[PDB]
Amino acid sequence: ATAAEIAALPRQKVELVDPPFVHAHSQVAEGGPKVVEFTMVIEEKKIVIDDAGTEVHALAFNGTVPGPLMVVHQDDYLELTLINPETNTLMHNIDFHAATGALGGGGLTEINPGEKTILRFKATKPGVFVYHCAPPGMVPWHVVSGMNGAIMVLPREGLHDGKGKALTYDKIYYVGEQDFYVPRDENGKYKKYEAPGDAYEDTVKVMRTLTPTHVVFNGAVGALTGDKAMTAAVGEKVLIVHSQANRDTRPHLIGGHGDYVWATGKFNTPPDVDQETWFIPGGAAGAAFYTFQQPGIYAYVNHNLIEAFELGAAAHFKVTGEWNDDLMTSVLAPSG
Amino acid sequence: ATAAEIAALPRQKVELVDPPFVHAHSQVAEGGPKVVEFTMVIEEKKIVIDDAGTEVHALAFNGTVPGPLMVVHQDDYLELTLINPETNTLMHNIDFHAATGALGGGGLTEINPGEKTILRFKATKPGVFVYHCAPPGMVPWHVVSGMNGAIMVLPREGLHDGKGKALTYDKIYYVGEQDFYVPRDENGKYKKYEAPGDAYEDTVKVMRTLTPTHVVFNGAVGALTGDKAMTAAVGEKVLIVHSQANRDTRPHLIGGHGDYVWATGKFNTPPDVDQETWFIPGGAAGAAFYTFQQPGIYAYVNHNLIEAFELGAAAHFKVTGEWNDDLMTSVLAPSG
Amino acid sequence: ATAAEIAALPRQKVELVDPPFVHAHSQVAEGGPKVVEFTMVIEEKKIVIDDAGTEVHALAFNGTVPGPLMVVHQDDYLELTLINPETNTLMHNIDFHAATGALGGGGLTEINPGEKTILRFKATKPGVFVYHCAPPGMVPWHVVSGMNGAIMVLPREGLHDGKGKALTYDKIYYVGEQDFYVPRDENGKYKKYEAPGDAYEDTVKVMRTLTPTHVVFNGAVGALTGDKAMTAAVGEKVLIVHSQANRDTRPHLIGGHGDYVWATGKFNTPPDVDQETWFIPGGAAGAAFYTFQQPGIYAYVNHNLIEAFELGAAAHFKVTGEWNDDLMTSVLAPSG
Ligand SMILES: [Cu+2]
Ligand SMILES: [Cu+2]
Ligand SMILES: [Cu+2]
Ligand SMILES: [Cu+2]
Ligand SMILES: [Cu+2]
Ligand SMILES: [Cu+2]
């Protein structure tokens, strides 16, 4: 595929939305290969991660933790414009696990504050993939400061089950799970700092215990609950993309299932079926497809329940519709 | 199906047995869909989890850690009478990962001391599934106090491998693996408590380290050894169902293999074959089918060997039969 | 086979090479079943594992951490002469996860210093498999002192994909991954000891935290980087065997992929494809097949990036050939 051929390809500017929502895209590919264009500005900002007012100096793609989901189709080109404003203090870059060469793009995208860059790569393999910042010598620090996201490379023909039947979701959500390592003082109280770099040494010591102080979805404890609870209706088919750029996770839809789960995140690997709890290793994304059958609230969790309910890794679904007494019924409600 | 059609179905009352054993069942379903009735009384009890006498207040389905294995076939209904006696001190409920709606059943089964409830759900998918107590605001604590078990939903046609060939076991065992988090004093010695609640605060601290003090099969270090060692014979086909409601495990039969392993625990997902070590993520059950070929003693372990041999996650099998020198032989015994 | 048939099989002595290199072998078996003979001498020695002079009393098959890769074909026999020199201080043995009976061989190979032993086993199942020392009552201690390696049991007809098309590698590397648990004094300085057994009690205390001090490839921080980077050329097909005898890992080729990954390490289990990050549970080996498409430096890591970049679990590949701008191009280089 020649430079001339690539330059002749149609282009499409895409407008990214904040997780857990996903920008407008089509499941089945519309026409031949294109160059899909994205722009993200890096925001270094304080985020409050729990109800005790614990802060993290987030290093945030598009200003969010996680960074937003980019959707392309197999054999499209993803062309990202990454911007590091003068109002930042650190060098940043970006590695796409979906990309091939130069460490996933990080070797070609190192930008000081004030600089920008434009990277283009061919999305040759279908699936969900992590992307994350990885500056040489400070890789884990940037990743666990929230500097990671994910992309989805859909097949041209959209999603299919193991045996070739089409799988079409009505809804898609992107859950980015984040392990945070927040230093404490001698009273076991979390510390605050004036600059990202001020926390480095204290944080690194915590990182080395391999024990996160917080494990959260969408940047904070309770982030995807209440006003930000995910929604569905009985009969709706929903795709849940889940990433974790540094640490293992075991997602589980409480009250539901993973009807089809690409646990590895890769669409050419046939999915697992009828899943109670799936497993996504650190440095990967997975995706699960589920048709809701019951109304009510669901909890969506990392099913190490200490991580879910002590450390923060719990989100809700609010589902509307009619209760099914065949699937489940209270024959005798709680009573003496 | 309608309420009338479910009412017309035959009902079978099952007598549960204590782990690692499993109640009488047939592998291939007998007749059409049944309503399968189980009763479990919750017992808040002091249990000893090691040879030193370290004690935990178990919150125990049917009085055991793990709770017993319930066995039904696909499209059967599981009807559970759950009873929380007046002598208990906490509210409990049950979540069936196999079930659909109301958080797996937890939203419909919250019973205080002196209360009972009857939950029915349709067993729509074949596999092994975790069940566990999950009271809102107190979820992980009930689980890591041993309030969990598993069920198996057999395919109506019994087990098959990935290519449609039937797999009939001679015997089945259920290994519930438990992570315990036991408070220590300033000498590093484990603390005892008067009531379940008294332990709460100290325990949650240990829980947050994500580092169990004990990792055990059937409620205690060495519980499945000595005259409680599991047993087999050369040529015998054994299904080992393994569950972990809170934390990852990596089961390994030392001296053997997992000939067919549904690592995800779901029978519609083709099993892995010829396994040395398989992986079960916290909040799931898996199952391994193995035909014994050599006599002698085997250790069945979680293959983090520190967890197996320091923390308690080791069981034995005693196997009768003739040694196969073709498979293995000492050409030269330990000698100068 | 019959007694005479086994006795009549060819015997072939093979010379081992140190990891990450692998001894001469054919992918397609050459002739009928063979008794493949190997010799390993056990070395107990102090090794430095980091840039700060930190020591471990290594317990090392063939004098290396990991022990060397042994390569046979399915239904060959592996015949190991294991030697424990009189200069050593500890009893050792060997467990092959690939073998059937006597705990994988440990029961038949317990050799005191001044002793040797010859074990033969039939390699009945194709795959990569952990081996490790395992003396009753001191199993994890020998393993986390580096006394572990792997073997590869190739299909007689070499490797295939899920469709049965041949996969032939140009090169094979073996990355053995090691969790070390090095004691520290109260100032946080790593302690040193005169003999292996002097470190035992302190080391077990560190092991029980389940938190390694170091996670390394080939026995040391940086052992497979710089001038010891592994090598390839664009268009070369490489198999990467990876083992972890005690603890989970999640291998990732930074800048590349795992085109075919036998994550379970078993060749009769179809490989996953297009992998970003794969998962190998503690107590197993896995294998990844990749065709390099881009020149330059790659980082091969455990993608818990803290383990990779704080704790030592990072390797390099140095790759020759011509850049492919179709796959990846810098449209605009880092600029103000
Ligand atoms: Cu960054
Ligand atoms: Cu990465
Ligand atoms: Cu309970
Ligand atoms: Cu659950
Ligand atoms: Cu040893
Ligand atoms: Cu082992």
Side-chain angles (χ1 to χ4, degrees), chain A residues 162 188 209-213 215 234 248-259 261 263 270-281 292-299 301-311 314 319 323-336, chain B residues 1-3 6 79 81 93 95 97-112 114-122 124-127 129-130 132 134 137-140 143-144 181 204 207-211 245-248 264-269 279 281-285:
Chain A
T209 66
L210 304 173
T211 306
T213 56
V215 190
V234 172
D248 306 334
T249 186
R250 55 212 61 73
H252 177 107
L253 185 63
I254 310 179
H257 301 94
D259 288 336
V261 180
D272 301 326
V273 296
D274 301 340
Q275 296 295 290
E276 72 182 301
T277 305
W278 43 109
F279 188 75
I280 297 158
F292 285 95
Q293 300 250 281
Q294 296 280 39
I297 89 107
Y298 291 66
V301 303
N302 169 332
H303 209 295
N304 176 320
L305 303 165
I306 303 162
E307 293 180 36
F309 298 111
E310 280 287 336
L311 271 30
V319 177
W323 183 263
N324 192 328
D325 290 284
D326 186 33
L327 292 176
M328 184 179 296
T329 214
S330 182
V331 177
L332 176 71
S335 64
Chain B
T2 63
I6 301 166
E79 195 159 273
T81 306
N93 61 357
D95 284 7
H97 282 189
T100 306
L103 308 169
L108 302 174
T109 53
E110 292 173 18
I111 50 179
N112 296 125
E115 287 189 311
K116 66 188 186 186
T117 195
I118 302 161
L119 180 70
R120 187 189 74 209
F121 70 95
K122 188 177 191 202
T124 56
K125 318 148 189 278
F129 302 80
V130 157
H132 65 85
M138 289 259 170
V139 174
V143 187
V144 302
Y181 301 86
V204 160
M207 293 169 60
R208 292 184 145 258
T209 72
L210 302 173
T211 306
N246 189 64
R247 195 173 168 271
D248 300 337
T264 78
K266 310 303 160 283
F267 300 134
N268 281 335
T269 300
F279 189 75

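No hydrogens, no waters, no symmetry mates; every other heavy atom, side chains included, goes into these values. Order of the sequence lines fixes the chain letters, A, B, ..., with proteins taken first and strands second; residue numbering starts at 1 for each chain.
Atom-to-atom distance recorded for B/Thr269:OG1 and A/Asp272:CG is 4.5 Å, nearest 0.5 angstrom. If you take CG on A/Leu332 and CD on B/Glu79, they are separated by 10.0 Å, rounding to the nearest 0.5 Å. Atom-to-atom distance recorded for B/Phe129:CZ and A/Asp274:CG is 6.5 Å, nearest 0.5 angstrom. For the atom pair OG1 of A/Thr329 and CG of B/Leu108, the computed distance is 8.0 Å after rounding to the nearest 0.5 Å. With values rounded to the nearest 0.5 angstrom, B/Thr100 atom OG1 is found 11.0 Å from A/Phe292 atom CZ. Here the CD1 atom belonging to A/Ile306 is positioned 4.5 Å from the CG atom belonging to B/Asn246, to the nearest 0.5 angstrom.
Looking at B/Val204, the atoms closer than 4.5 Å to chain A (heavy atoms on both sides) all sit in the side chain, from C-beta outward. B/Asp95 touches chain A through its side chain: at least one heavy atom from C-beta onward sits under 4.5 Å away, while N, CA, C and O do not. Heavy atoms of B/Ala245 lying under 4.5 Å from chain A belong exclusively to its backbone. Heavy atoms of B/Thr209 lying under 4.5 Å from chain A belong exclusively to its backbone. Heavy atoms of A/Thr213 lying under 4.5 Å from chain B belong exclusively to its backbone. Looking at B/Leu119, the atoms closer than 4.5 Å to chain A (heavy atoms on both sides) sit in the backbone and in the side chain alike. Contact annotation for A/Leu253: neither backbone nor side-chain heavy atoms come within less than 4.5 Å of a heavy atom of chain B. Of the atoms belonging to B/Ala98, it is backbone heavy atoms, and not side-chain ones, that fall under 4.5 Å from chain A. Contacts of B/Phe267 with chain A are absent, with no heavy-atom separation under 4.5 Å from either backbone or side chain.
Checking A/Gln275 against B/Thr264 by side-chain atom types alone, a donor-acceptor pair falls below 3.5 Å.
Between chain B and the residues A/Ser335, A/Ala308, A/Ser330, A/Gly336, the largest count of heavy-atom pairs under 4.5 Å involves A/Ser335. By number of non-hydrogen pairs under 4.5 angstrom with chain A, the leading residue of B/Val139, B/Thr2, B/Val144, B/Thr124 is B/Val139.
Looking at A/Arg250 and B/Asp248, a side-chain N of the basic residue comes within less than 4.0 Å of a carboxylate O on the acidic one, giving a salt bridge.
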Item checked: Candidate pair B/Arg120 and A/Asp326, rule salt bridge (charged side-chain N to carboxylate O under 4.0 Å, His left out), full reasoning -> CA-CA 9 Å; B/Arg120 187 189 74 209; A/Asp326 186 33; 5.7 Å; no
Check: B/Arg247 and A/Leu305: side chain to side chain contact (heavy atoms under 4.5 Å, CB included), yes or no, with the steps?
Finding: CA-CA 8 Å; B/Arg247 195 173 168 271; A/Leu305 303 165; over 6 Å; no
Check: Would B/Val130 and A/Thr277 satisfy side chain to side chain contact (heavy atoms under 4.5 Å, CB included), going step by step from the backbone distance to the final call?
Finding: CA-CA 10 Å; B/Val130 157; A/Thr277 305; over 6 Å; no
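Here the shortest heavy-atom pairing between B/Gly104 and A/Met328 reads C-CE, 3.8 Å. Minimum heavy-atom separation, B/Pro140 to A/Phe309: CD-CB, 3.5 Å.
Partners of B/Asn112 under the side-chain hydrogen bond (donor to acceptor under 3.5 Å, both in side chains) rule, at least two apart in sequence or in another chain, do not exist in this structure.
When atom types are taken as modelled, the side chain of A/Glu276 and the backbone of B/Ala284 share no donor-acceptor pair closer than 3.5 angstrom.
If you look at A/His252 and B/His97, their ring centroids are closer than 6.0 Å.
Exactly one of B/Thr109, B/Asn93, B/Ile118, B/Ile111 qualifies for a side chain to side chain contact (heavy atoms under 4.5 Å, CB included) with A/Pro334. That residue is B/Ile111.
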